[PDB]
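Readers should treat all values here as calculations from the given coordinates under stated rules, not as data from a laboratory. All Cβ positions, even for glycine, are placed from backbone atoms using ideal geometry, and neighbour counts span all protein chains on display.
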């Protein structure tokens, strides 16, 4: 029983590192992304900002 | 003279709701239970958040207790004719014994069928008890894992 | 799916990942506004009128 428990525990902990990266990708892309509403007019006035 | 239409609980569409099984020892059993063991997944964390652990939980639900019943009274004026005690030897008495037998057979045919309808009704009775209203359930799922 | 002239993925990660775990979904953002309301100004004699 103890071996079964240790196995069922490590098989969960190991699986954590996949959802880990799947969460990290979202968490890092979110900060890098400005809102579209504040970008669409910014792209129609490009090269005029002098 | 009218007839009777029979119904069977297995040919209804409702049967696919519950698992039925015979159990000829149900009369003696004390409170019966079942057990549940589920494992919640876990995702790693970074930086600020603390390191989570895997969680286990054990849970047990309990049995209900109900029954079903009917009544099947038969009159004495014919019960005498059934057993054969008051049965005298004529041609006017066997003609009445046939009638009493046919009456009893019709009555028993009626009562025995009653348990299929009874079960079909019991299923609805119990299912109409655990179901919460949908209006109170849709806005529940949108907020799970967060009512801390 | 295809949008405009492009071919692109389209994913929801509520059920495969994040389901039955204590981590909120990082797509439910948080807008922020700031409201103002003048309390006791008095309008001049010209613009008091039924």
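Could you work out how far helix B:94-130 tilts from the main Cα principal axis of chain B, as a 0 to 90 degree angle to the nearest 10?
Helix B:94-130 and the main axis of chain B meet at about 10 degrees.
When you look at the Cβ of every residue in B:41-52, what mean number of other chain Cβ atoms sits within 10 Å?
Details: counts 9, 10, 15, 11, 5, 5, 1, 0, 1, 0, 0, 5.
Counting Cβ atoms of other protein chains within 10 Å of each residue's Cβ and averaging gives 5.
Order these by the 10 Å Cβ neighbour count, fewest first: B:20, B:1.
Working: B:20 11, B:1 2.
If I rank by nearby Cβ atoms, fewest first, I get B:1, B:20.
Compute the label zone of residue B:114 within the stretch B:1-33: residues whose backbone N is under 18 Å from the point 7 Å along Cα-to-Cβ.
B:4-9
Along Cα→Cβ, 7 Å out, is where each label goes; now give me the distance between the ones at residue B:131 and residue A:26 in nm to one decimal.
It is 3.3 nm.
Summarise the partner chain shielding of A:14-25 as one whole number: the mean count of Cβ atoms from other chains within 10 Å of each residue's Cβ. The partial results should precede the final answer.
On the way: counts 0, 5, 8, 2, 3, 10, 6, 2, 5, 11, 4, 1.
Taking all residues of A:14-25 together, the mean is 5.
For the residue pair residue B:56 and residue B:38, what label-to-label distance in nm results when each label sits 7 Å from Cα along the Cα-to-beta-carbon direction?
Taking the two extended label points, one gets 1.7 nm.
Does anyone have the angle between helix A:2-32 and the longest principal axis of chain A? Alpha-carbon axes, 0 to 90°, nearest 10?
Rounded to the nearest ten degrees, it is 0.
Compute the separation of the alpha-carbon centres of the stretch B:15-57 and the stretch C:8-49 and state it in Å as a whole number.
39 Å
Can you tell me which of B:138, B:70, B:17 moves the most in a GNM of chain B? Springs connect C-alpha atoms under 10 Å apart.
B:138
Relative contact order of the stretch B:1-102, please, whole-number percent, based on alpha carbon pairs below 8 angstrom and at least 6 residues apart.
Working: 56 pairs, mean separation 18.2, N = 102.
Once divided by the residue count of the stretch B:1-102, the mean separation gives 18 percent.
Enter the mean number of other protein chain beta carbons within 10 Å of the beta carbon of each residue in C:16-27, as an integer. Before the final figure, lay out each step's value.
Numbers: counts 2, 8, 7, 4, 7, 10, 8, 9, 2, 4, 5, 2.
The mean count of partner-chain Cβ atoms within 10 Å per residue comes to 6.
Compute the label zone of residue C:22 within the stretch B:114-145: residues whose backbone N is under 19 Å from the point 7 Å along Cα-to-Cβ.
B:143-145
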